[PDB]
There are 2 protein chains.
Amino acid sequence: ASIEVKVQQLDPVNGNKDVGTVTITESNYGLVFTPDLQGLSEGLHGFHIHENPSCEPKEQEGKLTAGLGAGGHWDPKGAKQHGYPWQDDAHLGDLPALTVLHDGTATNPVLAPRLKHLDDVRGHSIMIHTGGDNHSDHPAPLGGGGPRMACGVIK
Amino acid sequence: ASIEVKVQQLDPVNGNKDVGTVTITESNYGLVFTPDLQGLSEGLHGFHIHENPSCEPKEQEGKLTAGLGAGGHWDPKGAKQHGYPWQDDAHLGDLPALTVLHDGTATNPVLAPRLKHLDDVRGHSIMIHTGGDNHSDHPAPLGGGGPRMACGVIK
Ligand SMILES: [Cu+2]
Ligand SMILES: [Cu+]
Ligand SMILES: [Cu+]
Ligand SMILES: [Zn+2]
Ligand SMILES: [Zn+2]
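I'd like a rundown of the sheet that holds strand 1 (residues 2–9) of chain B, residues and numbers included.
Residue and element names in this part refer to chain B. Reading across the sheet, the 7 strands line up as 5-10-11-1-2-3-9 and stay open at both edges, with antiparallel pairing between neighbours. Of all strands in the sheet, those with a lone pairing partner are strand 5 (47–50) and strand 9 (110–112), marking the two edges. Strand-to-strand, the axes of this sheet are offset by a mean angle of 25°, without reference to chain direction.

So what's going on with the interface of chain A and chain B? Which residues, and what values?
Much of the literature gives interface size as the accessible area that the parts lose upon coming together. Across the contact, 21 residues belong to chain A and 20 residues belong to chain B. Together, the buried faces of chain A and chain B total about 1800 Å²; carbon and sulfur atoms form 68% of this surface. It is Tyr29, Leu44 and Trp86 of chain A in chain A that bury the most area against chain B; as a group they hold 36% of the surface buried on that side. Summed over the shared surface of chain A and chain B, the number is 0 salt bridges. Taken together, the links from chain A to chain B amount to 6 residue pairs in polar contact. For the side of chain A that touches chain B, the secondary structure elements donating two or more residues are strand 4 (43–45) and strand 9 (110–112) of chain A. Broken down by class, the residue content of the side of chain A that touches chain B amounts to 11 nonpolar, 6 polar and 4 charged.

I'd like a description of the relation of the copies chain A and chain B, backed by residues and values.
Aligned on chain B, chain A shows an RMSD of 0.3 Å; the corresponding rotation is 180° and the shift along the axis is 0.1 Å. What we have between these two chains is a two-fold relation. Both copies share a contact surface, since 95% of the interface residues of chain A are interface residues in chain B too.

So, the state of the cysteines: which residues are in play, and what are the values?
In a disulfide, the sulfur atoms of two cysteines are held together by a covalent bond. Residues and elements named next belong to chain A. Following the criterion strictly, the structure yields 2 disulfides over all chains and no others. Put simply, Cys55 and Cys151 are joined by a disulfide, and their sulfur atoms are 2.0 Å apart. Disulfide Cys55 to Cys151: torsion about the S-S bond roughly -80°, handedness left-handed. Here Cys55, found in the loop between strand 5 (47–50) and strand 6 (58–59), pairs with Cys151, found in strand 11 (residues 148–154); they are 96 residues apart in sequence, far enough to count as distant.

Describe in detail the coordination of the copper ion (ligand 3), supporting the description with residues and values.
The protein atoms that coordinate the copper ion (ligand 3) are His48 of chain B (ND1), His50 of chain B (NE2) and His129 of chain B (NE2), at distances spanning 2.0 to 2.1 Å. Here the donor residues of the copper ion (ligand 3) are spaced in sequence according to H-x1-H-x78-H.

A description of the pattern of salt bridges should follow, citing residues and the corresponding values.
Residues and elements named next belong to chain A. This structure, assessed with the given rule, holds 4 salt bridges over all chains. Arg122 serves as the salt-bridge partner of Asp119, at 3.0 Å between the closest nitrogen and oxygen. The class for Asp119 is partly exposed, based on a relative accessible area of 49%.

Calculation rules
- Here, residue numbers run from 1 along each chain following its sequence as written; these need not agree with the numbering used in the entry, and residues that have no coordinates do not appear.
- Both sets of labels track the order of writing: A upward for chains, 1 upward for ligands.
- Side-chain descriptors were evaluated using all non-hydrogen atoms of the structure, hydrogens and water having been removed beforehand.
- Between any two strands, pairing holds if DSSP finds at least two bridges.
- Under the scheme used here, helices are H or I runs from DSSP no shorter than 4 residues and strands are E runs no shorter than 2 residues, and both carry numbers assigned from the N terminus.
- Orientation is described by axes fitted as lines to C-alpha atoms, over the contacting stretch for helices, and by angles from 0 to 180 degrees between their N-to-C directions.
- Contacts: residue pairs with any heavy atoms within 4.5 Å of one another.
- In this description, buried area is defined as the sum, over both parts, of the accessible area (probe of 1.4 Å) that is lost when the two are combined.
- Salt bridge, as used here: a side-chain nitrogen of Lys or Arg that lies within 4 Å of a carboxyl oxygen of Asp or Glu.
- Nitrogen and oxygen atoms within 3.5 Å of one another constitute a polar contact, given that in protein one can donate a hydrogen and the other can accept it, and given that sequence-neighbouring residues count only through two side-chain atoms.
- We call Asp, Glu, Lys and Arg charged. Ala, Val, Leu, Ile, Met, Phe, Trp, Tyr, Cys and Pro are nonpolar, and the rest, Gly among them, are polar.
- Alignment of copies: least-squares superposition over the C-alpha atoms.
- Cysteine sulfurs are considered disulfide-paired once they come within 2.5 Å of each other.
- A donor here means an N, O or S atom no more than 2.8 Å from the metal, or no more than 3.2 Å when the metal is Na, K or Ca. Since water is not included, a site may seem to lack partners.
- Only protein chains enter the calculation, and the probe is 1.4 Å; a residue is then buried if its accessible area is under 20% of its type maximum, exposed if over 50%, and partly exposed in between.

In structure tokens, the structure reads:
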């Protein structure tokens, strides 16, 4: 029971770059996401499972935008609302925020209690945003994650 | 339905100092700890529920040691080993590590899936360590948390 996801920093122009991996394992309380990332900006970053198994950029109003190919937050139960990892009426893809230390590394594992089986995340993508995550659609949509900084396709 | 815990930086020499609060609420997946702290060193900090409802120091080897009055990690099931928040044979008091940002503040909530009711944690203390937490007794005991930096009594 384990999936090692290769994660890359997104740059539609200069090119993407490997920043490490995120290993997903099953615990008695839900899926555990264990990062081993580097070269990221210090702080808390929005961390979610997105609908499409793609990290490719997509054209948006005449602008090749990073990670748009991944689609929106994975929401199989139609919550149509961004929320907490422990909130039942929030996107099923809403994970705890990722902590990146001063040295640009992330190794602190986080639990997603609503995700129970590894197979459930296969066929999707995992996204790391430039901004944080206040687990609400206010004052900013999707927790204020904003732009997509890094991404990995979940095989 | 919440418990607001007053947290203080421990200073046996010149007196404990207020650093904020930690609010505990219940979710359908366990107790949620929402910090609102400031003045702490940046980084990940060991965060656990300790056995005694006291944050006072105790004499050990002739040294008045900060927070020893709280005792060890709360372990009502006698796991006798430090582990993950989602690990059943680990101290019940083992919580996810606390994230302190560059500006010394901590506001990111964390979930303790093995803790179900607010009353279960009443009569104990919550501790913040100077070091982090690798959720193991290897290579360092108690996750490498080391000295006790801040603490609050849960009522
Ligand atoms: Cu810093
Ligand atoms: Cu996202
Ligand atoms: Cu502790
Ligand atoms: Zn969401
Ligand atoms: Zn412990």
